[PDB]
Structure formats: C-alpha cells, structure tokens
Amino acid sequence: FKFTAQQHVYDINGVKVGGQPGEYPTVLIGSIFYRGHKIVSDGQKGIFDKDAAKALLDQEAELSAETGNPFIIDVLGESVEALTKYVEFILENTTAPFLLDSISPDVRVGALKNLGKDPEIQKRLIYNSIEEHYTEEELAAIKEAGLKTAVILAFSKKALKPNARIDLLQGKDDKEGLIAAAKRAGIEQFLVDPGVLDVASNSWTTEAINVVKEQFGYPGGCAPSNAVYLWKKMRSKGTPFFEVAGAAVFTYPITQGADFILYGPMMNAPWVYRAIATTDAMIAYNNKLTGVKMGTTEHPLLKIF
C-alpha cells in the first residue's frame, strides 16, 4: 500500500525520517536517564555513570551500523539541572539527534534556557513534545532556542478515535491546531506521535498514523514502551517471553507504515533492533511488486541476511 499525500522526509543531522512504506528504515528512539534508570544515582543533580552512558550510545551506533536503522536518543530528565547536564553529555558523546524530554514542561523549558540558541541545538535537538496542554511560555522557550523540529503529540484523553487527529493537528472551532502552535514557535518539521494509551490501543495509534501520512504526509510514529512495561503479566515471565511480546508491540506500527518508534530503555536495543530490522526488510521486499524505490542502500533488507 502507498499513501496519497507526498510524504515529508526530514533530514535531521543526517537521520532520514518519513517516506512511503519501505522507502526508509524505521528510526529507533531509545530512552536514557528515564525514571529509575540504574545509571543515574541522583536525578535532581544529574549524577550519572558516564562510562555506562557512553557504552549505551556506542552499542546504539553499533546496532544501527549492523541493521541500517538510524537512531535518535530520547533524553529524559526530572530537573533542569539534570536534563541540562544529560544534554551536554549527549551532544559530546554521540552524533545523533535527540529528544529533549521530561514529564514536566518546566524542566524542558529551563533546560532550553540553559542550552541557548546554539546552532547545534537547532540541528540536533527535537522538542518532545508539543501536546494538547502546551503553554505560551513553552512556545516562547522553543522559539528563543531557535528549534526547528518537534514531536507533535497528537493525543487527547478526550479524543481517542484516529480521525480526531485531523482535529488536534489542524485545529477545530476556537482551538488552535498543534501544527499551528508549533509553527508559531518557529518549528518547521513535525514528527507526529498520536500517543499510546495501552498495548491493545496501539492499533488505534497506528490507524491515526495512517490517517496522518495519507492526508498530510508528516512522518508518523509512537511510543508503546510505557504500555509494555506496565504489562507485568508478560514482563515477569522473563526471557524470551517479554522480548517477543515487546517485539510484537513495537513492530506492529511499522507493519502499517509508521516511520519511527520510541522503544523505551536503550538496554533493550539489542533485541529491538533485530526485531524491527526484520519487519523493515519484509516491507521493503514488498517494494519489488509496488515500484517504491528504497531511498537509501543502508536498509535492513540489504544488510541483515
């Protein structure tokens, strides 16, 4: 299958994201310094294990080289001080783009103030995320940092149907759309994430991704890890049961044309990359019947066999 809209393919410091099914490999987004991450000893001051963090980043680079799946790092923090330090470390110790991420918007806003309108921030930092409850001070922070790419979290607990994402992105009635809000902040590139409520509802998330790509052509993706980790019935079963269940959840959106996955903690990268690459390879092989051309030779189909 193909989408009618011309697909936007962004190039974020060399990472290509978007396209028609099978054109580009899935972009994989692994979390670091998340709540409970054992490499963080003090999440307020940002005391973390530099060697362990570097080893995760090097592992990510190695797996990416092996499969062809590009990576963007999801950098989480619980305080301005911590997130600032984490970002400084990531800037120095990988080349990847990264999500500036926090549960608390004020942590993201304060970290942007510290980082400043640095050209490297413009090129590599992706704001996670412009969401339903965005504030004007947030948009001001984004603009003052000169950011160009954001995740648009097109999710509303009051708007669970896929088609509603037209409404969240474009606006409806007196509500500014999330795309319009992002554009007011100077964002030019929109990674659309419809949100995941729980494992089962990943199918609605994926349907939303399909509506977005079909009608607007923005890259579409999602973050099913939190749902998977809340699935104690599976996680407690150990290896390889947790990993194959996780693989089924994380690959599902890709099978319906999604472009990127936030797969949770980076420690799971070794199995996530192997599963996702498999799915990507099968999808691109289908291109041979559809006439879609691979956009890069650095693709799982050409690498993993």
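In case it trips you up, residue 1 is the first one in the sequence shown, and so on.
- Judged by mean Cα B factor in the deposited record, 288 to 296 ranks above the other of 10 to 18 and 288 to 296.
- In this crystal structure, the stretch out of 167 to 175 and 72 to 80 whose C-alpha atoms carry the higher mean B factor is 167 to 175.
- The PDB entry assigns the greatest CA B-factor among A208, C222, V151, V228 to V228.
- In this structure the maximum Cα B-factor among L191, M234, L125, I90 is found at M234.
- Sort the chain's modelled residues by C-alpha temperature factor and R35 lands in the highest third, per the entry.
- Among all modelled residues in this chain, the alpha-carbon of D58 has a temperature factor (C-alpha) in the middle third.
- When the CA B factors of the chain's modelled residues are split into thirds, the value for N202 lands in the middle one.
- Annotation for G146: C-alpha temperature factor in the middle third relative to the rest of the modelled chain, per the entry.
- Annotation for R274: C-alpha temperature factor in the lowest third relative to the rest of the modelled chain, per the entry.
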